[PDB]
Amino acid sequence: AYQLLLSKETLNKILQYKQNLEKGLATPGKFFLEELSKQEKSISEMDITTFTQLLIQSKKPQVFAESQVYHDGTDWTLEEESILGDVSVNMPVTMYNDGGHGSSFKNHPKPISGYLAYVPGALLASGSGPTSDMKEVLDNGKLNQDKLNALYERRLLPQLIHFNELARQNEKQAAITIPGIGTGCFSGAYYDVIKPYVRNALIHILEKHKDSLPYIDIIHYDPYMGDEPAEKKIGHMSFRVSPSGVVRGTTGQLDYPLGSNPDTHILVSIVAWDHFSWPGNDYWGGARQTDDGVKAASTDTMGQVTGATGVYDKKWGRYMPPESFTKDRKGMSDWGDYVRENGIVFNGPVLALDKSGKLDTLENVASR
């Protein structure tokens, strides 16, 4: 139903964390400790995949990483945060509308079939002390472009490799839409300066790895505001900057960019995710407010995660829980309630990108 991905460097951090735990030199944060305590293996007896999955499983359906976390043992530690922010997840989806926020969405007459790749942006905001990503990419409070570049390369490249391959298998090319990842709430104090840094990071990644992405065709980047319209040729790829508030008629995130169609391309949308939440985050509580929540509400994300068969409400642009559930449990019946009543957890297959650019099992990449 879904696939967790992470970089080689993230795997190294995981191996180091697991070993620190095994030695007694680190201890888990509260939420990871809860997941550990509900199963039977010691850290040492568990394989690297199982350990990684349990850490990912400590995510909660909705969390505001930018304001609600303390970065210590009472929720997730910095060491866990550094790892969780690097974890991405993809899934095939049905796209019921174009992804328009609020009331502006346009239903697809025929729902589109495509894919989402949830990726968390650089966490540069906090309600308490500094975040792991602040410590990573800020030099005394100033954004470092190369360091930001390396962060996003770590977090996006495994998904590009995956979909490059998936396009080849379907004998098509990939059309990928990207929102202003990390330029919203995650940018905190850097709101007014972050957008050219994110754009530069996307360009740098595609440029550095053009040789490994021959089946990627179109990258449609839409930070909404604060960037100029542009198309760049990056090798064989066409990178477009089309902020919707600047360029009238810009195609939605959940729709084929100009020059692509379902016969020639698979459609992938990157979703601005969150270190600590399940995919879709605040739509688990029924809110439809961020890129994360809007795209989950506009797709069958919730059915991919829970296995349930929801129903798309054309009038409000929301994929609803099963109708039997809403009748039986009206009043405590959002998707997060469905999760509680059904004992659903977030845990699925995980692969790592190795030094050569192949996605393999954590065990296989660790031993190389």
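Each residue number is its position in the shown sequence, starting from 1.
- When 138 to 146 is weighed against 177 to 185, 138 to 146 comes out higher, by mean CA B-factor as recorded in the entry.
- The stretch 103 to 111 shows the higher mean C-alpha B-factor when 103 to 111 is compared against 69 to 77 in the entry.
- Remark: of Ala296, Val87, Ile270, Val193, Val193 shows the highest value [criterion: C-alpha B-factor in the PDB entry].
- Out of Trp316, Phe31, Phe51, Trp335, the entry records its largest CA B-factor for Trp316.
- Among all modelled residues in this chain, the alpha-carbon of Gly331 has a temperature factor (C-alpha) in the highest third.
- Sorting the modelled residues of the chain by their CA temperature factor places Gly24 in the middle third.
- Placement of the Cα temperature factor of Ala366 within the chain: highest third of the modelled residues, per the deposited record.
- Among the modelled residues of the chain, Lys13 sits in the middle third by CA temperature factor in this PDB entry.
- In the PDB entry, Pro322 places in the highest third of its chain by CA B-factor.
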